[PDB]
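Please read the structure below before turning to the comments.
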Ligand SMILES: NC(=O)c1ccc[n+]([C@@H]2O[C@H](COP(=O)([O-])OP(=O)(O)OC[C@H]3O[C@@H](n4cnc5c(N)ncnc54)[C@H](OP(=O)(O)O)[C@@H]3O)[C@@H](O)[C@H]2O)c1
Ligand SMILES: NC(=O)c1ccc[n+]([C@@H]2O[C@H](COP(=O)([O-])OP(=O)(O)OC[C@H]3O[C@@H](n4cnc5c(N)ncnc54)[C@H](OP(=O)(O)O)[C@@H]3O)[C@@H](O)[C@H]2O)c1
Ligand SMILES: CN1C(=O)/C(=C/c2ccc(=O)n(Cc3ccccc3)c2)NC1=S
Ligand SMILES: CN1C(=O)/C(=C/c2ccc(=O)n(Cc3ccccc3)c2)NC1=S
């Protein structure tokens, strides 16, 4: 078996919990041995430990660089009542993000037989108050050296009351955004585009464009030209214009079962992968009632494969990297071959025309991925 | 022999929308409706010659006669000033007319049963003071009452690490009240429910002000009439609102904090004044193809529906059931004509995919307008 390494695993809730254990059992463990740092982020254990499993998991990701997370219930009122929660805990994704930092990149997985060639990887990057009555709401900046004092008028209230707010943004955040954007662009080998309003908010987004150019020229221009890739700034409307008439395959800096979300830290060494969808509670209820479900596992599978690909990149693990690539291959090939779940069958033929004989249920699709994975790993090597 | 329309303010535009405009009137509106027409030529040449005075006059005429219908007008930039030898770079007519009439903009997409996906109407409530921070310092925001009361200073941020950027935003109470009013007026006009989505938790005081004002206006004015129509209002949050929206049959008005089918309507808070216009521009590419003598295929549905929304509002005001039925008949003739298979190149592309658009799949502009004239005559003959 392949020697994997140190990987932080986080288990989730409901249907994604089931698919998680299936993915490991039938796809991961039979071929890879891992120094696994498992953390049970189910809602009942998060309640029992008072989100301490969440904090611990986040710090463990900070130590071992690579994390793979399953979808976990985010509690609201009906959740607190359902599980008898001691408190309405904050989102574990929120906690982990507030401990690790970084920027989130969402990539959709494109099959050549599903209605939509190269995927677009989209990455996204305050004092409010009431104002009782008429008056002057100004915003003033005073440098630390006291050289000047600049005061702008947000609005002069003469009609009556209202509401106001002020926002800020330091340079280091924009520099981290550009860092992770260029690193992701070089890791995938696809060009990078930055889209902003830039004209409406003249001063605000122009800073983003400028910092992106400074970092690109002082660090990445050479390596980009050395990989048939580049960076370029555009505006939102023109970005949609060229986008709706392009082959695809670029990092744009601004069925759900196929969306993959990955948090990339600015230092470039720490990465957390997770499906972009939720716990699929409706299908989990169908599973509780003994009915037949059909949940696409591709998003969580790709969380595992991207996490393993990053672990392999860190450990110089050629075998494990080949394994992750092989599993992604088996997935896209299995769907393109015709075997898929009901959601993809609906994306193709439209819901009211979906016959049963057009899709497989969750366990059948997992079995098919297992067969094709064993075949692929035996023949491709 | 023709329907008595009423007082309507017309605004003429530029280029391809100008051509399609004259086609819509000549072949669809005038043969069946007589109007006390307040025409205003908002073309770039007349706006230049009169020094944008025709824009102010047209806006004031809409404020007086309640119903306005506008054609797409060029908003001039540098290449426009260079093209027309403009004396000045005039402001956007939508900007002027909107700053004189107030109100809230509602955009509705027209859904055909053969178009890649009940319609959803989205009304939107810009002036933000942003600046760059060069180095360390204190960025504060201060409110000072008019009655000489103590001034309250909040710290937006203290920069000690280095530079950055900052900005400030505001919103008066009257603006939020106009937004909620126009939202309720549109909700009762369409008979669909109304939803308000905000970041009520992150911006507690800011969006909480919106939620509160919306609820207060709902209770001390409406709610009774909503219950009198099997409809309601409800505040929600962004993500759950997208959840309910993206998984419903459609048919609700969402208040937020293909272009040939998009219709834009400015609704004033008073509920009487309404200005309708297509959500697209003057279609310069098609107008240049039209100048060179080439064959164009520009969808007129958006402008036609501008006319039908304006006329339907005029009929609703004057209690003109005949004119209201005419507007409904024209809307239905449009959607039915497209669903019958006759359409323009953009819709043919939405159906058959762009690289596979064969000519025999669409009609040119004049052919499609002729078809709408035929089907309008037939339907109005059957009624
Ligand atoms: N990191 C996390 O733990 C995390 C992040 C996101 C969401 N969530 C949690 O998920 C819970 C419920 O989420 P939700 O109600 O919004 O549903 P969801 O999981 O976000 O997805 C909603 C829809 O996705 C569809 N779906 C079908 N197959 C799927 C597949 N293989 N993968 C993903 N989605 C599939 C279902 O459509 P059908 O109607 O046809 O069944 C379902 O209605 C929430 O408590 C939320 O906190 C967890
Ligand atoms: N913001 C506005 O919409 C607005 C408001 C009032 C007046 N105007 C004025 O109208 C004038 C003409 O500008 P405009 O052509 O942009 O008006 P427009 O009405 O917004 O034009 C839309 C057109 O853009 C074209 N297009 C070309 N490539 C595209 C792509 N990759 N993605 C999406 N659409 C694409 C389409 O025509 P094809 O079928 O040929 O591709 C489409 O009909 C301007 O001077 C403007 O000031 C515009
Ligand atoms: C899908 N998804 C997110 O993208 C996410 C991130 C996030 C980060 C911070 C935060 O405050 N929230 C909102 C929240 C507040 C309190 C309790 C629970 C959630 C959410 N949480 C989830 S579920
Ligand atoms: C497409 N499109 C609009 O939808 C639009 C609306 C609008 C409404 C209010 C307003 O104050 N402005 C500001 C403005 C003033 C002068 C020139 C340009 C913009 C613009 N202006 C345009 S061009």
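Using Swiss-Prot numbers, chain B covers 3-119, 126-133, 139-270, 287-412, in order.
The deposited model was determined using X-ray crystallography, 3.3 Å.
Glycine too: its Cβ is placed from the backbone N, Cα and C atoms.
Here is what Swiss-Prot records for this protein:
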- B:42: phosphotyrosine (MOD_RES)
- B:75, B:76, B:77, B:82, B:260, B:310, B:311, B:312, B:313, B:314, B:315, B:328: NADP(+) binding site (BINDING)
- B:81: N6-acetyllysine (MOD_RES)
- B:126: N6-succinyllysine (MOD_RES)
- B:139: site 'Critical for catalysis' (SITE)
- B:212: site 'Critical for catalysis' (SITE)
- B:224: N6-acetyllysine (MOD_RES)
- B:233: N6-acetyllysine (MOD_RES)
- B:243: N6-acetyllysine (MOD_RES)
- B:321: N6-acetyllysine (MOD_RES)
- B:389: phosphoserine (MOD_RES)
- B:400: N6-succinyllysine (MOD_RES)
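Of the listed modified residues, namely B:243, B:400, the sparsest Cβ surroundings within 10 Å are found at B:243.
Sequence-distant neighbours of the residue listed as 'phosphotyrosine' (same chain, 6+ residues apart, CB-CB distance under 8 A): B:11, B:12, B:13, B:14, B:56, B:59, B:60, B:63.
Listed in sequence order, the recorded positions among B:42, B:77, B:81, B:139, B:311 whose CB lies under 6 angstroms from an atom of ligand 4 come out as B:77. Listed recorded positions: B:81, B:126, B:212, B:315; maximum Cβ neighbour count within 10 Å falls on B:315. Taking a Cβ cut-off of under 6 Å from any atom of ligand 2, the recorded positions B:139, B:243, B:313 reduce to B:313.
A simple Cβ count within 10 Å picks out one of the modified residues B:224, B:233, B:321 as the most packed, and that one is B:224.
Between residue B:119 and residue B:126, the deposited coordinates omit 6 residues, leaving a Cα-to-Cα distance of 10 Å across the break. Highest Cβ count within 10 Å among the binding-site residues B:75, B:313: B:75. Of all the Cβ atoms in the protein chains shown, 23 others lie within 10 Å of the Cβ of residue B:311 (NADP(+) binding site). Of the candidate binding-site residues, B:75, B:311, B:313, B:315, the one lying closest to residue B:81 (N6-acetyllysine) when CA atoms are compared is B:313. DSSP assigns residue B:389 (phosphoserine) to a helix in the three-state reduction.
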